[PDB]
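Residue numbers (this note's numbering): 8 to 53.
Structure first, commentary second.
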RNA sequence: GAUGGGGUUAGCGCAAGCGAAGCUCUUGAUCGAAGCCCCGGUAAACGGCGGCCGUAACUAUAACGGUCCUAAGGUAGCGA
Ligand SMILES: [Mg+2]
Ligand SMILES: [Mg+2]
Ligand SMILES: [Mg+2]
Ligand SMILES: [Mg+2]
């Protein structure tokens, strides 16, 4: 178990909130397999 | 000195009184400039150069916004 090194510096008011506005809890959006962000130049096995 | 208002009195009414001309006391139409008000300009003229409330990826701050006021809200630079 290693410590996550957050980008908030010195947390003052609330830790969880701070974390939430951090890269660790950034939004993740998946790449489309079909649809908009869907075009693949080369396959996984291409 | 325009007009008005008085004072005096030649004269007239059987009389309270009225009262010419003059002189005279007063009122002050009209005329009448600059100034002042007025309309602009001028700050290396004298001078003056704002508040309150909110707002961002913990927190804090607030580039941002709201509103009131002003002739205008302090620029560059500097700053216990
Ligand atoms: Mg004049
Ligand atoms: Mg000027
Ligand atoms: Mg300054
Ligand atoms: Mg000191």
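Note that beta-carbon positions come from the ideal geometry of N, C-alpha and C, so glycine has one too.
- Residues of the same chain with a CB within less than 7 Å of the CB of residue 32, apart from the 5 flanking positions on each side, are 26 in chain order.
- When secondary structure is reduced to three states using DSSP, residue 24 falls in the helix class.
- A Cβ-Cβ separation of about 6 Å places residue 15 in contact with residue 29 under the 8 Å criterion.
- Apart from sequence neighbours up to five positions away, the residues of its chain that approach residue 39 with a beta-carbon distance below 7 Å are 45, ordered along the chain.
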